[PDB]
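A.B. asks: Below you'll find target_8.csv; it's CSV, C-alpha atoms.
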```csv
chain,number,residue,atom,x,y,z
S,10,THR,CA,-20.3,39.4,32.5
S,11,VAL,CA,-20.7,37.7,29.1
S,12,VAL,CA,-20.5,39.5,25.8
S,13,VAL,CA,-21.0,37.9,22.3
S,14,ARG,CA,-18.4,39.3,19.9
S,15,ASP,CA,-18.5,39.0,16.2
S,16,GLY,CA,-15.3,37.9,14.4
S,17,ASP,CA,-12.7,38.4,17.1
S,18,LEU,CA,-11.8,38.8,20.7
S,19,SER,CA,-12.2,42.5,21.8
S,20,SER,CA,-9.2,44.7,22.3
S,21,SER,CA,-10.4,45.1,26.0
S,22,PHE,CA,-10.2,41.3,26.5
S,23,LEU,CA,-6.8,41.1,24.8
S,24,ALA,CA,-5.5,43.7,27.3
S,25,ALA,CA,-7.2,41.9,30.2
S,26,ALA,CA,-5.7,38.5,29.1
S,27,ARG,CA,-2.3,40.1,29.0
S,28,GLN,CA,-2.7,41.6,32.5
S,29,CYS,CA,-4.0,38.3,33.9
S,30,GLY,CA,-1.4,36.1,32.2
S,31,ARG,CA,-4.0,33.2,32.3
S,32,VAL,CA,-7.3,32.6,30.4
S,33,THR,CA,-9.6,29.6,29.9
S,34,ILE,CA,-10.9,28.6,26.5
S,35,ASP,CA,-13.3,26.2,24.9
S,36,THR,CA,-15.3,26.0,21.7
S,37,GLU,CA,-18.7,25.2,20.2
S,38,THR,CA,-18.7,23.2,17.0
S,39,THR,CA,-21.1,21.5,14.6
S,40,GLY,CA,-19.6,18.0,15.3
S,41,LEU,CA,-16.8,16.0,16.9
S,42,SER,CA,-14.3,15.9,14.1
S,43,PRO,CA,-11.8,18.8,14.3
S,44,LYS,CA,-10.7,18.5,10.7
S,45,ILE,CA,-14.2,18.2,9.2
S,46,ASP,CA,-16.8,19.9,11.3
S,47,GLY,CA,-17.4,23.6,11.7
S,48,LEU,CA,-16.0,25.8,14.4
S,49,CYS,CA,-18.9,28.0,15.5
S,50,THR,CA,-17.7,30.0,18.6
S,51,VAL,CA,-14.7,30.3,20.8
S,52,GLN,CA,-15.3,31.1,24.4
S,53,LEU,CA,-12.6,32.9,26.4
S,54,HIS,CA,-12.7,33.7,30.1
S,55,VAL,CA,-10.4,36.1,32.0
S,56,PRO,CA,-10.6,35.3,35.7
S,57,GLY,CA,-12.2,38.1,37.7
S,58,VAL,CA,-13.2,40.0,34.5
S,59,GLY,CA,-15.7,37.9,32.5
S,60,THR,CA,-16.2,35.9,29.4
S,61,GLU,CA,-16.5,36.6,25.6
S,62,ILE,CA,-18.2,34.3,23.1
S,63,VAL,CA,-16.4,34.9,19.8
S,64,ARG,CA,-18.6,34.1,16.9
S,65,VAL,CA,-16.4,32.8,14.1
S,66,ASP,CA,-16.7,34.7,10.8
S,67,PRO,CA,-15.3,32.7,7.8
S,68,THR,CA,-14.3,35.9,6.1
S,69,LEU,CA,-12.3,37.3,9.1
S,70,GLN,CA,-9.2,36.0,10.8
S,71,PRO,CA,-9.8,36.4,14.6
S,72,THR,CA,-6.5,38.3,14.9
S,73,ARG,CA,-6.5,39.1,18.7
S,74,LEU,CA,-7.7,35.6,19.6
S,75,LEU,CA,-4.9,34.1,17.6
S,76,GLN,CA,-2.4,36.4,19.3
S,77,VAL,CA,-3.7,35.2,22.7
S,78,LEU,CA,-3.4,31.6,21.6
S,79,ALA,CA,0.1,32.1,20.3
S,80,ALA,CA,1.3,34.1,23.3
S,81,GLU,CA,3.9,32.3,25.4
S,82,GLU,CA,3.3,34.7,28.2
S,83,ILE,CA,-0.5,33.9,28.5
S,84,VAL,CA,-1.4,30.4,29.7
S,85,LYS,CA,-4.5,29.0,28.0
S,86,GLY,CA,-6.4,26.5,30.0
S,87,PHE,CA,-8.7,24.0,28.3
S,88,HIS,CA,-10.9,21.0,29.4
S,89,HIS,CA,-10.1,19.2,26.2
S,90,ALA,CA,-7.2,21.0,24.6
S,91,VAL,CA,-6.4,18.5,21.8
S,92,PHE,CA,-10.0,18.7,20.6
S,93,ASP,CA,-10.4,22.5,20.7
S,94,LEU,CA,-6.9,23.2,19.4
S,95,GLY,CA,-7.5,20.8,16.5
S,96,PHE,CA,-10.4,22.9,15.4
S,97,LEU,CA,-8.4,26.1,15.8
S,98,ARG,CA,-5.5,24.6,13.9
S,99,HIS,CA,-7.6,23.4,11.0
S,100,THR,CA,-9.8,26.5,10.8
S,101,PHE,CA,-7.3,29.3,11.3
S,102,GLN,CA,-3.9,27.6,11.0
S,103,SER,CA,-3.4,28.6,14.6
S,104,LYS,CA,-0.4,27.2,16.5
S,105,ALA,CA,-0.8,27.7,20.2
S,106,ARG,CA,1.8,28.0,22.9
S,107,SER,CA,1.6,27.6,26.7
S,108,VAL,CA,-1.6,25.5,26.7
S,109,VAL,CA,-2.7,23.4,29.7
S,110,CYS,CA,-5.5,20.8,29.8
S,111,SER,CA,-7.6,19.5,32.7
S,112,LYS,CA,-8.3,16.3,30.7
S,113,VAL,CA,-4.6,15.6,30.3
S,114,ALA,CA,-4.0,16.2,34.0
S,115,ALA,CA,-7.0,14.0,35.0
S,116,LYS,CA,-5.6,11.3,32.7
S,117,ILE,CA,-2.3,11.4,34.6
S,118,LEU,CA,-4.0,11.4,38.0
S,119,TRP,CA,-6.8,9.0,37.3
S,120,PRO,CA,-6.0,7.0,34.2
S,121,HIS,CA,-8.7,4.4,34.7
S,122,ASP,CA,-11.7,6.7,35.5
S,123,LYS,CA,-13.0,8.1,32.3
S,124,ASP,CA,-15.9,9.9,34.1
S,125,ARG,CA,-13.4,11.8,36.3
S,126,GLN,CA,-11.6,13.0,33.2
S,127,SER,CA,-14.5,15.1,31.9
S,128,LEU,CA,-15.0,18.6,33.2
S,129,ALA,CA,-18.4,17.6,34.7
S,130,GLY,CA,-16.7,14.8,36.5
S,131,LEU,CA,-14.0,17.1,37.8
S,132,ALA,CA,-16.4,19.9,38.8
S,133,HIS,CA,-18.5,17.4,40.7
S,134,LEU,CA,-15.6,15.6,42.5
S,135,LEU,CA,-13.6,18.7,43.3
S,136,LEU,CA,-16.1,21.5,43.6
S,137,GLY,CA,-19.3,19.7,44.4
S,138,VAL,CA,-20.7,21.5,41.3
S,139,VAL,CA,-23.1,19.7,38.9
S,140,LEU,CA,-22.9,21.0,35.4
S,141,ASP,CA,-26.2,21.0,33.6
S,147,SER,CA,-27.5,23.2,20.1
S,148,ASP,CA,-27.7,25.3,16.9
S,149,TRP,CA,-24.5,27.4,17.5
S,150,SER,CA,-24.7,28.8,14.0
S,151,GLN,CA,-28.1,30.5,14.6
S,152,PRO,CA,-28.5,34.2,13.5
S,153,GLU,CA,-28.8,35.0,17.2
S,154,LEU,CA,-27.6,33.3,20.3
S,155,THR,CA,-30.3,33.1,23.0
S,156,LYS,CA,-29.7,33.9,26.6
S,157,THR,CA,-29.9,30.2,27.4
S,158,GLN,CA,-27.3,29.5,24.7
S,159,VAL,CA,-25.1,32.3,26.0
S,160,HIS,CA,-25.2,31.3,29.6
S,161,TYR,CA,-24.5,27.6,28.8
S,162,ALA,CA,-21.6,28.5,26.4
S,163,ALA,CA,-19.9,30.3,29.3
S,164,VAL,CA,-20.2,27.8,32.1
S,165,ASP,CA,-17.3,25.5,31.2
S,166,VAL,CA,-14.7,28.3,30.9
S,167,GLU,CA,-15.8,30.0,34.1
S,168,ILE,CA,-15.5,26.8,36.2
S,169,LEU,CA,-12.2,25.7,34.7
S,170,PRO,CA,-9.8,28.0,36.6
S,171,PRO,CA,-10.4,26.5,40.1
S,172,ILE,CA,-10.4,23.0,38.7
S,173,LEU,CA,-7.0,23.6,37.1
S,174,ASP,CA,-5.6,25.2,40.3
S,175,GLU,CA,-6.8,22.1,42.2
S,176,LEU,CA,-5.4,19.6,39.7
S,177,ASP,CA,-2.0,21.4,39.9
S,178,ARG,CA,-1.9,20.8,43.7
S,179,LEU,CA,-2.8,17.2,43.3
S,180,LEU,CA,-0.2,16.7,40.6
S,181,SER,CA,2.4,18.4,42.7
S,182,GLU,CA,1.6,16.4,45.8
S,183,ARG,CA,2.0,13.1,43.8
S,184,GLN,CA,5.3,14.4,42.1
S,185,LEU,CA,3.6,14.2,38.8
S,186,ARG,CA,3.4,17.9,38.0
S,187,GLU,CA,6.6,17.9,35.9
S,188,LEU,CA,5.2,15.1,33.8
S,189,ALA,CA,2.0,17.0,33.3
S,190,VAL,CA,4.0,20.1,32.4
S,191,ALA,CA,5.9,18.1,29.8
S,192,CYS,CA,2.6,16.6,28.4
S,193,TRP,CA,0.9,20.0,28.2
S,194,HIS,CA,4.0,21.3,26.4
S,195,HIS,CA,3.5,18.5,23.8
S,196,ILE,CA,-0.2,19.3,23.1
S,197,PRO,CA,0.5,21.6,20.1
S,198,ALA,CA,2.9,19.2,18.5
S,199,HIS,CA,0.3,16.4,19.0
S,200,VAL,CA,-2.3,18.6,17.3
S,201,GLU,CA,0.2,19.1,14.4
S,202,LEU,CA,0.7,15.3,14.2
S,203,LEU,CA,-3.1,14.9,13.9
S,204,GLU,CA,-3.3,17.7,11.3
S,205,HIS,CA,-0.8,15.8,9.1
S,206,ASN,CA,-2.3,12.3,9.7
S,207,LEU,CA,1.0,11.2,11.2
S,208,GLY,CA,-0.4,8.9,13.9
S,209,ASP,CA,1.6,7.6,16.8
S,210,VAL,CA,5.3,8.4,16.0
S,211,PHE,CA,6.4,7.0,19.4
S,212,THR,CA,5.7,3.3,18.8
S,213,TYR,CA,8.2,0.7,17.7
X,10,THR,CA,37.9,1.3,17.4
X,11,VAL,CA,35.6,-0.8,19.7
X,12,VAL,CA,36.3,-1.4,23.4
X,13,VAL,CA,34.2,-3.5,25.8
X,14,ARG,CA,33.8,-1.7,29.1
X,15,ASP,CA,32.6,-3.1,32.4
X,16,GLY,CA,30.0,-1.3,34.4
X,17,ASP,CA,30.3,2.3,32.9
X,18,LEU,CA,31.4,4.4,30.0
X,19,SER,CA,35.1,5.3,30.3
X,20,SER,CA,36.3,8.7,31.4
X,21,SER,CA,38.0,9.1,28.0
X,22,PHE,CA,34.7,8.6,26.2
X,23,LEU,CA,32.8,11.0,28.5
X,24,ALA,CA,35.3,13.7,27.6
X,25,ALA,CA,35.1,12.7,23.9
X,26,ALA,CA,31.3,12.9,24.0
X,27,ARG,CA,31.5,16.3,25.7
X,28,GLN,CA,33.9,17.6,23.0
X,29,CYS,CA,31.8,16.2,20.1
X,30,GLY,CA,28.4,17.4,21.5
X,31,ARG,CA,26.8,14.4,19.7
X,32,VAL,CA,26.8,10.6,20.3
X,33,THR,CA,24.8,7.7,19.1
X,34,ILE,CA,23.4,5.0,21.4
X,35,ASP,CA,21.6,1.7,21.3
X,36,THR,CA,21.3,-1.4,23.6
X,37,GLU,CA,21.3,-5.1,23.6
X,38,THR,CA,18.6,-6.8,25.8
X,39,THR,CA,17.2,-10.2,26.7
X,40,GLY,CA,13.8,-9.3,25.2
X,41,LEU,CA,11.5,-6.7,23.8
X,42,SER,CA,9.8,-5.5,26.9
X,43,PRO,CA,11.6,-2.5,28.5
X,44,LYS,CA,10.0,-2.9,31.9
X,45,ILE,CA,10.5,-6.7,32.1
X,46,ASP,CA,13.5,-7.9,30.2
X,47,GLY,CA,17.2,-7.4,31.0
X,48,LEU,CA,19.4,-4.7,29.8
X,49,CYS,CA,22.7,-6.4,28.8
X,50,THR,CA,24.8,-3.7,27.1
X,51,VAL,CA,24.7,-0.1,26.1
X,52,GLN,CA,26.6,0.9,22.9
X,53,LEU,CA,27.8,4.4,22.6
X,54,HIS,CA,29.6,5.9,19.5
X,55,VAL,CA,31.5,9.2,19.3
X,56,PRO,CA,31.8,10.2,15.6
X,57,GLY,CA,35.4,10.1,14.5
X,58,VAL,CA,36.6,8.5,17.8
X,59,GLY,CA,35.1,5.0,18.1
X,60,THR,CA,32.6,2.9,20.1
X,61,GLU,CA,32.3,1.5,23.6
X,62,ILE,CA,30.2,-1.5,24.5
X,63,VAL,CA,29.2,-0.9,28.1
X,64,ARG,CA,28.4,-4.2,29.9
X,65,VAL,CA,25.7,-3.5,32.5
X,66,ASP,CA,26.7,-4.5,36.1
X,67,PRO,CA,23.6,-4.9,38.3
X,68,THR,CA,25.7,-3.8,41.4
X,69,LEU,CA,27.1,-0.6,39.7
X,70,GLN,CA,25.3,2.5,38.5
X,71,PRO,CA,26.9,3.5,35.1
X,72,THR,CA,27.6,7.0,36.4
X,73,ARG,CA,29.3,8.6,33.4
X,74,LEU,CA,26.8,7.0,30.9
X,75,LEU,CA,24.0,8.5,32.9
X,76,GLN,CA,25.7,11.9,32.9
X,77,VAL,CA,25.9,11.7,29.1
X,78,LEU,CA,22.2,10.7,28.8
X,79,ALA,CA,21.1,13.5,31.1
X,80,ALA,CA,23.4,16.1,29.5
X,81,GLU,CA,21.4,18.8,27.7
X,82,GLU,CA,24.5,19.8,25.8
X,83,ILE,CA,25.2,16.3,24.3
X,84,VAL,CA,22.7,15.2,21.7
X,85,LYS,CA,22.0,11.4,21.9
X,86,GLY,CA,20.9,9.8,18.6
X,87,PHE,CA,19.0,6.5,18.6
X,88,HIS,CA,17.3,4.4,16.0
X,89,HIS,CA,14.6,3.4,18.4
X,90,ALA,CA,14.8,5.9,21.3
X,91,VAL,CA,11.5,5.0,23.0
X,92,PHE,CA,12.6,1.4,23.2
X,93,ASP,CA,16.2,2.0,24.4
X,94,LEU,CA,15.3,4.8,26.8
X,95,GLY,CA,12.5,2.6,28.3
X,96,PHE,CA,15.2,0.1,29.3
X,97,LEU,CA,17.5,2.8,30.7
X,98,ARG,CA,14.6,4.4,32.6
X,99,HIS,CA,13.4,1.1,34.1
X,100,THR,CA,16.9,-0.2,34.9
X,101,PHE,CA,18.8,2.9,36.1
X,102,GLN,CA,16.0,5.4,36.7
X,103,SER,CA,17.7,7.4,33.9
X,104,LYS,CA,15.9,10.5,32.6
X,105,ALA,CA,17.5,11.6,29.3
X,106,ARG,CA,17.5,15.0,27.7
X,107,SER,CA,18.3,16.1,24.1
X,108,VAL,CA,17.5,12.8,22.5
X,109,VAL,CA,16.8,12.3,18.8
X,110,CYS,CA,15.5,9.3,17.0
X,111,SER,CA,15.7,8.1,13.4
X,112,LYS,CA,12.5,6.0,13.9
X,113,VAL,CA,10.5,9.1,14.9
X,114,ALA,CA,11.9,11.0,12.0
X,115,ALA,CA,11.2,8.3,9.5
X,116,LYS,CA,7.6,8.0,10.9
X,117,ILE,CA,7.1,11.7,10.2
X,118,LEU,CA,8.6,11.4,6.7
X,119,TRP,CA,7.2,8.1,5.6
X,120,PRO,CA,4.3,7.2,8.0
X,121,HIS,CA,3.0,4.3,5.8
X,122,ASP,CA,6.3,2.5,5.1
X,123,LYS,CA,7.2,0.4,8.2
X,124,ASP,CA,10.2,-1.1,6.4
X,125,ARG,CA,11.7,2.4,5.9
X,126,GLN,CA,11.4,3.2,9.5
X,127,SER,CA,13.9,0.6,10.7
X,128,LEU,CA,17.6,1.4,10.7
X,129,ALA,CA,18.2,-1.3,8.1
X,130,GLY,CA,15.6,0.2,5.8
X,131,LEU,CA,17.1,3.6,6.3
X,132,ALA,CA,20.7,2.5,5.8
X,133,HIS,CA,19.6,0.7,2.6
X,134,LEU,CA,17.5,3.5,1.1
X,135,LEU,CA,19.8,6.4,2.0
X,136,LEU,CA,23.3,4.9,2.2
X,137,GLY,CA,23.1,1.9,-0.1
X,138,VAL,CA,24.3,-0.1,2.9
X,139,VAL,CA,22.8,-3.6,3.7
X,140,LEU,CA,23.0,-4.3,7.5
X,141,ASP,CA,23.6,-8.0,8.2
X,147,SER,CA,22.5,-13.6,20.7
X,148,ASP,CA,23.6,-14.4,24.2
X,149,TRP,CA,24.6,-10.8,25.3
X,150,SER,CA,25.0,-12.0,28.9
X,151,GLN,CA,27.8,-14.4,28.1
X,152,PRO,CA,30.9,-14.3,30.3
X,153,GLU,CA,32.8,-13.0,27.3
X,154,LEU,CA,31.7,-11.2,24.2
X,155,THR,CA,33.1,-12.7,21.0
X,156,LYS,CA,34.6,-10.7,18.2
X,157,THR,CA,31.5,-11.4,16.1
X,158,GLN,CA,29.2,-10.2,18.9
X,159,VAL,CA,31.4,-7.1,19.4
X,160,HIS,CA,31.5,-6.1,15.7
X,161,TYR,CA,27.7,-6.6,15.4
X,162,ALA,CA,26.9,-4.7,18.5
X,163,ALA,CA,28.7,-1.7,17.1
X,164,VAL,CA,27.3,-1.6,13.6
X,165,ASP,CA,24.1,0.2,14.3
X,166,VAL,CA,25.5,3.1,16.3
X,167,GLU,CA,28.3,3.7,13.8
X,168,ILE,CA,26.0,4.0,10.8
X,169,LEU,CA,23.4,6.1,12.6
X,170,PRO,CA,25.2,9.6,12.4
X,171,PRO,CA,25.0,10.0,8.6
X,172,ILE,CA,21.4,8.6,8.6
X,173,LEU,CA,20.4,11.2,11.2
X,174,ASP,CA,22.2,14.0,9.2
X,175,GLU,CA,20.3,12.9,6.0
X,176,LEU,CA,16.9,12.7,7.8
X,177,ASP,CA,17.5,16.2,9.2
X,178,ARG,CA,17.9,17.6,5.6
X,179,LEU,CA,14.9,15.7,4.3
X,180,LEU,CA,12.8,17.0,7.3
X,181,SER,CA,14.0,20.5,6.7
X,182,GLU,CA,13.3,20.5,3.0
X,183,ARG,CA,9.7,19.4,3.8
X,184,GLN,CA,9.2,22.0,6.5
X,185,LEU,CA,8.8,19.2,9.0
X,186,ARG,CA,12.0,19.6,11.0
X,187,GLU,CA,10.3,21.8,13.7
X,188,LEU,CA,7.7,19.1,14.2
X,189,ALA,CA,10.4,16.4,14.5
X,190,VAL,CA,12.3,18.6,17.0
X,191,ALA,CA,9.1,18.9,19.0
X,192,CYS,CA,8.5,15.1,18.9
X,193,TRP,CA,12.1,14.3,19.9
X,194,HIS,CA,11.7,16.7,22.8
X,195,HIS,CA,8.7,14.7,23.9
X,196,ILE,CA,10.4,11.3,23.9
X,197,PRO,CA,11.5,11.3,27.6
X,198,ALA,CA,8.1,12.3,28.7
X,199,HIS,CA,6.6,9.6,26.6
X,200,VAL,CA,9.0,7.1,28.2
X,201,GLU,CA,7.8,8.4,31.6
X,202,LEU,CA,4.2,7.9,30.6
X,203,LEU,CA,5.0,4.3,29.7
X,204,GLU,CA,6.9,3.8,33.0
X,205,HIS,CA,3.8,4.8,34.9
X,206,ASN,CA,1.3,2.8,32.7
X,207,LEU,CA,-0.4,6.1,31.8
X,208,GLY,CA,-1.2,5.3,28.2
X,209,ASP,CA,-2.4,7.9,25.7
X,210,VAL,CA,-3.1,11.1,27.7
X,211,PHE,CA,-3.9,13.0,24.4
X,212,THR,CA,-7.1,11.3,23.4
X,213,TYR,CA,-10.6,12.6,24.1
```
I'd like the structure from this file rewritten - as C-alpha cells, please.
C.D. replies:
Amino acid sequence: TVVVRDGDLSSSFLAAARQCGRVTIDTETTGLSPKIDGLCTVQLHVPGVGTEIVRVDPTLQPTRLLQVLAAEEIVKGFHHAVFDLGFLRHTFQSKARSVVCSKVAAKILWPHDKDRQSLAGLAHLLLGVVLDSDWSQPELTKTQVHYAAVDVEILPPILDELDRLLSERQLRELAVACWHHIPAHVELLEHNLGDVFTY
Amino acid sequence: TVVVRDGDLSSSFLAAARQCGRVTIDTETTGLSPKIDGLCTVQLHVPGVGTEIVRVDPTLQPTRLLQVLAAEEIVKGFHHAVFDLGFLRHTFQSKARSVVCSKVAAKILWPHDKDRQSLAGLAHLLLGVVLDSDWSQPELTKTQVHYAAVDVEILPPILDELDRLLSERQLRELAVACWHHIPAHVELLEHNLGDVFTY
C-alpha cells in the first residue's frame, strides 16, 4: 500500500491520480524554512489506491510529480499547503494549480484555536483519531515509511468534512477563493514581497 | 467634467462605464477604519468622459454603482483597493470583481519604498505630477469637488505605466493574481479572519 520511489512519482500513480482527480500530498524536510532547508521526500496518496514516498534526487526533476502539481484537473489536498508548496517552489520551480489546504480551511472555521488547525487536532476532533527523523538516510525504515504515509492517508476524510462545515456556514466560497490564492502567496514569499494587501 | 450625484451613479455613467470597460474609483470617509467609520462619497471616473462624485445616502442602495463594482466586464482601478473596498463591503455588502490596485502593484515593484506606493509618490515618479475635509457637509464646495476628483483622474495613466513595468519584470502575472485576491482579502477582513496563509 506504500512504495518508496526514487526520483519521481511512478507512471502508475500518475495515471491513478488522473483517474481519481484528487490526491493528497505532504513532504518531509530537513527543517522549517522552505527557502533554506532541504526537501527530502514528497508523499502522494491516491484515495483507494495507496501512497508513494518520492525520494528527491537533486540531479533529477520529478517530472510526473510536477505534472500532477501543475494539473488543473487534479485537486491536490495538503494539511499545510503554503509550507509544502514553498519547498516545491524553491526546490523545483514548481507552480501548482488546484491546491486545497486543511489548515487554511480550519483557520477560516476556527480562527482562534491553533490546536484545531493542525492535522492532529483535526483528526482528533473530527475522526476521533490520535496521530502518533533522518529522512535523508540511505534507506527508509519500515517505521519511517509507515509514519511518512499517515498524514496523507488521513487527510481525504478530513478535507471532505471541512468542506461540509464550510458549506453549512456559507464560508466555502471564501475558502475556495483562499485556496485559489495559495500559489500566488507562495510566489510572494519566494520573491520576499511580504504583505501586498496592507495600506 | 465633474458632477456631484445624490445616492447613486447616474444611468449615463453606468452606460459610459460599460462602453469603456475600465473605470477608476476612490472614496472619501470620516476616518481610516473601513468597518467603523463613515463612507461619505464614492468617486468614479470614466476615461475620456469625466468624473462623478456619488454622495452616499444611508436610506438608498447605490444600485448602479454596485452593478459597476460587481461587473466582471468592467475593470475598477483603485489606488488603495483594500481600503476602499472595505468601506464598500461594510456599508453596502458590496462584493467587487475585476479590481486592480496601484498600491498592490507598487508593493510588488518596490516593496521597500513606502513613499512610492502612494498615489502621490507614483504620480510624482512616473508623471512628474505633484498632487496637492468635512465630506458630510450639506454642500460640497468647488474646492472639495475639484480635490475629490484629482486622484481618480490621474490613476489611469499610472495604472497603464505600472502594467508595463510589471510586464517588463515578468511580474504582471503575479500582480494579476494578487488583484484577483483583493475581494477575498476584503472578505477575510470583514469576518476578522486574519492571515489564513501562515503556518
A.B. asks: Contacts from chain S to chain X, 9 Å maximum, all atoms listed in the file: show me the residue list as a CSV table (one decimal) with C-alpha atoms, in the frame of the given file.
C.D. replies:
```csv
chain,number,residue,atom,x,y,z
S,89,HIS,CA,-10.1,19.2,26.2
S,90,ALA,CA,-7.2,21.0,24.6
S,91,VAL,CA,-6.4,18.5,21.8
S,92,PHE,CA,-10.0,18.7,20.6
S,112,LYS,CA,-8.3,16.3,30.7
S,113,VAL,CA,-4.6,15.6,30.3
S,114,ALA,CA,-4.0,16.2,34.0
S,115,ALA,CA,-7.0,14.0,35.0
S,116,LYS,CA,-5.6,11.3,32.7
S,117,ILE,CA,-2.3,11.4,34.6
S,118,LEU,CA,-4.0,11.4,38.0
S,119,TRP,CA,-6.8,9.0,37.3
S,120,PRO,CA,-6.0,7.0,34.2
S,121,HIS,CA,-8.7,4.4,34.7
S,188,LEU,CA,5.2,15.1,33.8
S,189,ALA,CA,2.0,17.0,33.3
S,191,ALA,CA,5.9,18.1,29.8
S,192,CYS,CA,2.6,16.6,28.4
S,194,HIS,CA,4.0,21.3,26.4
S,195,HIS,CA,3.5,18.5,23.8
S,196,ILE,CA,-0.2,19.3,23.1
S,198,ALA,CA,2.9,19.2,18.5
S,199,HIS,CA,0.3,16.4,19.0
S,201,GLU,CA,0.2,19.1,14.4
S,202,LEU,CA,0.7,15.3,14.2
S,205,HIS,CA,-0.8,15.8,9.1
S,206,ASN,CA,-2.3,12.3,9.7
S,207,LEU,CA,1.0,11.2,11.2
S,208,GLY,CA,-0.4,8.9,13.9
S,209,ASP,CA,1.6,7.6,16.8
S,210,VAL,CA,5.3,8.4,16.0
S,211,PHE,CA,6.4,7.0,19.4
S,212,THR,CA,5.7,3.3,18.8
S,213,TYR,CA,8.2,0.7,17.7
```
A.B. asks: In Å, with one decimal, what is the gap from CA of residue 186 in chain X to CA of residue 203 in chain S?
C.D. replies: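 Separating CA of residue 186 in chain X from CA of residue 203 in chain S is a distance of 16.1 Å.
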A.B. asks: I'd like to know which of S:93, S:162, S:172, S:27 is closest to residue 129 in chain S, using all atoms listed in the file.
C.D. replies: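 Looking at the shortest contact to residue 129 in chain S, the residue is S:172.
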A.B. asks: Excluding residue 15 in chain X and residues on its chain fewer than 5 positions from it, collect all residues at most 8 Å away from it, counting only C-alpha atoms, and give them as a PyMOL selection string.
C.D. replies: chain X and resi 63-66
A.B. asks: From the set S:47, S:86, S:30, S:16, which residue has the shortest atom-to-atom contact distance to residue 166 in chain S, counting all atoms listed in the file?
C.D. replies: S:86
A.B. asks: Excluding range 17-20 of chain S and any residue of its chain fewer than 6 positions from it, enumerate the residues within 6 Å of it, using only C-alpha atoms, and give them as a list in words.
C.D. replies: residues 63, 71, 73 and 74 of chain S
A.B. asks: Ranking X:158, X:147, X:111, X:33 by minimum distance to residue 128 in chain X and counting all atoms listed in the file, which one comes first?
C.D. replies: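 Of the candidates, the smallest distance to residue 128 in chain X is held by X:111.
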A.B. asks: Contacts of residue 170 in chain X at 12 Å or less, counting all atoms listed in the file, minus same-chain residues fewer than 5 places along, as a list in words?
C.D. replies: residues 31, 32, 33, 34, 53, 54, 55, 56, 57, 84, 85, 86, 87, 88, 109, 110, 111, 128, 131, 132, 136, 164, 165, 175, 176 and 177 of chain X
A.B. asks: Pick out the residues sitting within 10 Å of residue 101 in chain X, and hand them over as a count of residues only; count all atoms listed in the file, and ignore anything fewer than 2 positions along from it in its own chain.
C.D. replies: 13
A.B. asks: At what distance in Å, to one decimal, does CA of residue 159 in chain S lie from CA of residue 83 in chain S?
C.D. replies: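 It comes out at 24.8 Å.
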A.B. asks: Using all atoms listed in the file, pick whichever of S:37, S:106, S:155, S:125 has the shortest atom-to-atom distance to residue 77 in chain S.
C.D. replies: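 Closest to residue 77 in chain S, using all atoms listed in the file: S:106.
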A.B. asks: I'd like the interatomic distance between CA of residue 171 in chain S and CA of residue 183 in chain S, to a tenth of an Å.
C.D. replies: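 CA of residue 183 in chain S lies at a distance of 18.6 Å from CA of residue 171 in chain S.
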